[PDB]
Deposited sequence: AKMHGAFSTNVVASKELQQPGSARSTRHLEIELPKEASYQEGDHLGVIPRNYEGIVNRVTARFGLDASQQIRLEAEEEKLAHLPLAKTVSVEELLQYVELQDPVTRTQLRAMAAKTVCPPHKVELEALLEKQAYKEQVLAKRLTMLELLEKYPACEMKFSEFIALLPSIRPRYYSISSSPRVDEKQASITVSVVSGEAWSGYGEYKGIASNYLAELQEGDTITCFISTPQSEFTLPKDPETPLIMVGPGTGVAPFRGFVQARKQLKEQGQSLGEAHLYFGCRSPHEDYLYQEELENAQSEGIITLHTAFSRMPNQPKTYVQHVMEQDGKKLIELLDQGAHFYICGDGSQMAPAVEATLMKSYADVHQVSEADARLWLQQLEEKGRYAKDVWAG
């Protein structure tokens, strides 16, 4: 149930000279909103200027032109804030373009993409959009009013809140990796919509957002003495920053804290060691034990989080046999499965049991509520 609120801070987490960006934003919450560690912020993004301007150039329109679809009048530039502009082209979109195409070979090409293999390999695997194909085919006679009606409604993007409400219940932070690269479609440079939107926000800007609690619970154990193992390289650190803040307040309120291991991984401490100072300070203060893995250090082997976990396997498996909860956040496509595989291998090795037994062990851990994931694909 979306609300509109102000940005209180917006800044760069990576170091000067990094070729990449990760943003930290703080966002104010109204009275009616609240959150918990492990919650998500749903952000309704705006489409960036460059992509809007590509649409208006292609159709020969002024951004400010007032129009009415068939029922209020609204500007072209504002209508373009309601739709997705870089989803893969759909078959309905392709058929629509083909019907409006007056150069025969260009119509053959569009219709070729409807076929099973071409669509899979040339549209979906490359993320080729309707807009890119309209730019390739300036003579395709689709109208603006038809373009806009064929597109999907703009979707929320989700971010793992990276603060604890025990610090300030009405302010939440998020930690955003800025997606950009050469477009897989081959049409210039790609910018992820919500991450570049958030990247451009500044203090004082307004944002429309909502609190969303995930289906799979991602929360601290009830007892602060229960041990924790947290694996969150890169932007996967985000929810665990929240857990670090909650533990810090629990300690300042007199509670006694158990062991908490944070496995953090990034390219280099000279580039993308997010929240390094706060995390080094939490460690000094006994809130966590920090284990870092640097993947791109001159004169050192490439080290990932799971390589350190495997060295620490006896200790991690001992903590788990004592009741620890295990948490993975960040990349779900390659990192999370490898971290899972390493944990299970450590169990098999420590307890001299088979891999099927290790998988059943992990399955039971999940069923007890002690193996949680906040992961996403990228």
property	result
Gaps in the model, given as deposited-sequence positions counted from residue 1	1-4, 75-85
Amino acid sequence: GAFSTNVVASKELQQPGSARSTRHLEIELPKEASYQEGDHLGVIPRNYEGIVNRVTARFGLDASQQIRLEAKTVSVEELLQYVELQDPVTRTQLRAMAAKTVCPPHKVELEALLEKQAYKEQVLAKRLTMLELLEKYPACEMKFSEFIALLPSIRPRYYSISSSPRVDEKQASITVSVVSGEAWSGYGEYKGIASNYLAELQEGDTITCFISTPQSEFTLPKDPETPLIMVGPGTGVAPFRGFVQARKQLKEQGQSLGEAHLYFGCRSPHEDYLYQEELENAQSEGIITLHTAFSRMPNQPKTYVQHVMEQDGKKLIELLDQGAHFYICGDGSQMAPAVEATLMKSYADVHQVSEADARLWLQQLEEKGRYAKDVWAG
From here on, numbers count along this sequence of modelled residues.
{"item": "Mean Cα B-factor comparison, 143-151 or 243-251, giving the higher one as deposited", "value": "243-251"}
{"item": "Which of 208-216 and 124-132 has higher mean CA B factor, as the PDB entry lists it", "value": "208-216"}
{"item": "Per the PDB entry, maximal CA B factor within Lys222, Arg95, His307, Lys191", "value": "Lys222"}
{"item": "Per the PDB entry, maximal CA B factor within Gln322, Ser64, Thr56, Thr342", "value": "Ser64"}
{"item": "Lowest, middle or highest third - CA B-factor, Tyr48", "value": "middle"}
{"item": "Where the record places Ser34 (Cα B-factor, split into thirds across the chain)", "value": "highest"}
{"item": "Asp87 CA temperature factor, ranked by third within the chain", "value": "lowest"}
{"item": "Where the record places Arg157 (Cα B-factor, split into thirds across the chain)", "value": "lowest"}
{"item": "Among modelled residues of the same chain, the CA temperature factor third for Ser256", "value": "highest"}
